[PDB]
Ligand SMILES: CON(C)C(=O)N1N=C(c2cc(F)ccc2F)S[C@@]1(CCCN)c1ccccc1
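Next up is one chain by itself, shown in structure tokens, the form solved without this ligand.
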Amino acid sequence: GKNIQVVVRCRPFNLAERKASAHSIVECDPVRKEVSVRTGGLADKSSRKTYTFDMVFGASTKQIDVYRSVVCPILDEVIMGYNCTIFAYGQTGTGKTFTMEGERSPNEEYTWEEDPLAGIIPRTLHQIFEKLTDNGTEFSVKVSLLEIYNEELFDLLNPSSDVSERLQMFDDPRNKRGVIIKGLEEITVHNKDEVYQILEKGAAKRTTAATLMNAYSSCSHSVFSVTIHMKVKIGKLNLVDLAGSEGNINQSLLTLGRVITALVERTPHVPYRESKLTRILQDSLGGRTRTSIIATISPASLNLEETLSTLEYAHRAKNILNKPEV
């Protein structure tokens, strides 16, 4: 048992992976919490090497079923007054954005229930207003969205400053192992339905940067921060949508791995300082908290080598052995 959690969410076959008639190699066992892969294709060889994690979500896994298993325990700790972080790992296209951001699916006006395709970000905000309005707590909710492209920090929330100013950041004398992002826009949310309008602003700004600087989302980290003031508790929840797993980006992810590895093994000299991403979330990983990681993979034999790497990263972060009968 640990405060660090590592789960794996496989994705179905997309039409493109179908269009080339690729065939699955990923086996998801949620009960045993295992996920296995093969090696040969038409050879149908005996390829063991099965992995075990804290939880496993198969191809039929639904969005709500991920929020309940992964986010609900963490949100309660945030409302209690702690800082937390949720991560999404994996090859571009596996489903980090579909898991962290969700969709809407053309169906028009939605009442007050969550969209079935919504992600962690839609659900977390709406559950924040519901749970804190129900227990009559006085609260204020403000969110922030920056983007780490090539290790320079960009705000996707500011309406002004249309191009791209690398935000400056320095350790604030106020709390150590903490930092302050000068100039970072902090949009204050009033209604729970406001979160959908904020994902629109940042989307274009992420697109405007993707076209006028080659700041494609696939090659950048996405940090969503929601802070909750309550009465006197302050809670923060960081939802990080990491860049695709596969000279400077491949270092920030390996740094984050070194951290979580160091966080799981109680080891000293965890090098938060080795990257901008780990330095920002330092106040969310050092101070004892609940950290969760979601590694998204593809079931096609097309992406065999990357699906193995991603699972390999997850094993390195929190190593747990496979138990009897693999």
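From 1 onward, residues are counted along the sequence shown.
Next item on the list: Using none, 1 to 3, 4 to 9 or 10 or more, say how many deposited residues go missing between residue 231 and residue 232.
Entry: The entry has a gap there, with 4 to 9 residues left out between residue 231 and residue 232.
Checklist line | Chain break class for residue 162 to residue 163, judged by how many deposited residues have no coordinates | finding: The entry has no unmodelled residues between residue 162 and residue 163.
Next item on the list: Return whichever of 154-162 and 106-114 has the greater mean Cα B factor according to the PDB record.
Entry: In the deposited entry, the stretch with the higher C-alpha B-factor mean is 106-114.
Check: Looking at the entry, does 181-189 or 204-212 show the higher mean C-alpha B-factor?
Finding: It is 204-212 that shows the higher mean C-alpha B-factor.
Margin query: Sorting 281, 35, 66, 42 by Cα temperature factor from the record, which one lands on top?
Written below: Spelled out: the listed residue with the top C-alpha B-factor is 42.
Margin query: Looking at 119, 73, 95, 81, which one carries the largest C-alpha B-factor according to the PDB entry?
Written below: Each of 119, 73, 95, 81 was compared by C-alpha B-factor; the highest is 81.
Next item on the list: Name the third of the chain's ranked CA B-factors that contains residue 28, choosing lowest, middle or highest.
Entry: Ranked within chain, residue 28 CA B lands in the lowest tercile.
Next item on the list: For residue 241, return the chain-relative third of its C-alpha B-factor as stated in the PDB record: lowest, middle or highest.
Entry: For residue 241, the deposited C-alpha B-factor lands in the lowest third.
Note to self: Going by the CA temperature factor in the PDB record, which third of the chain does residue 58 belong to: lowest, middle or highest?
What the structure shows: Answer is middle: the recorded C-alpha B-factor places it there.
Check: How does residue 18 rank on Cα B-factor within its chain, lowest, middle or highest third?
Finding: Top third by C-alpha B-factor.
Next item on the list: Just say lowest, middle or highest third for the CA B-factor of residue 302 relative to the other modelled residues in its chain.
Entry: According to the entry, residue 302 has a C-alpha B-factor in the chain's highest third.
Absent from the display: the form deposited with this ligand bound. The rest refers to it.
Checklist line | Clash verdict for this ligand in the bound PDB entry, overlaid onto the shown chain (3 or more atoms within 2.4 angstroms of backbone or C-beta) | finding: The pocket is blocked.
Item checked: Heavy atom distance at most 4.5 Å to this ligand in the bound PDB entry, all of 84, 186 and 226 -> No, the candidate spot makes no contact with this ligand.
Item checked: residue 101 within 4.5 Å of this ligand in the bound PDB entry, heavy atoms -> So residue 101 counts as contacting this ligand.
Notebook entry, point to check: Heavy atoms within 4.5 Å of this ligand in the bound PDB entry: does residue 196 have any?
Noted result: Close contact exists here: in the bound PDB entry, residue 196 approaches this ligand to within 4.5 Å, heavy atoms only.
Checklist line | residue 164: touches this ligand in the bound PDB entry, heavy atom cutoff 4.5 angstroms | finding: Residue-level check for residue 164: no, no contact with this ligand.
Note to self: With a cut-off of 4.5 Å between heavy atoms, is residue 97 one of the residues that contacts this ligand in the bound PDB entry?
What the structure shows: Taking the distances in the bound PDB entry, the answer for residue 97 is yes, it comes within 4.5 Å of this ligand.
Next item on the list: From the candidate stretches 177-185, 228-236, 67-75, 121-129, select the single one in contact with this ligand in the bound PDB entry, where contact means a heavy atom within 4.5 Å.
Entry: Looking at the partner contacts, the answer comes out as 121-129.
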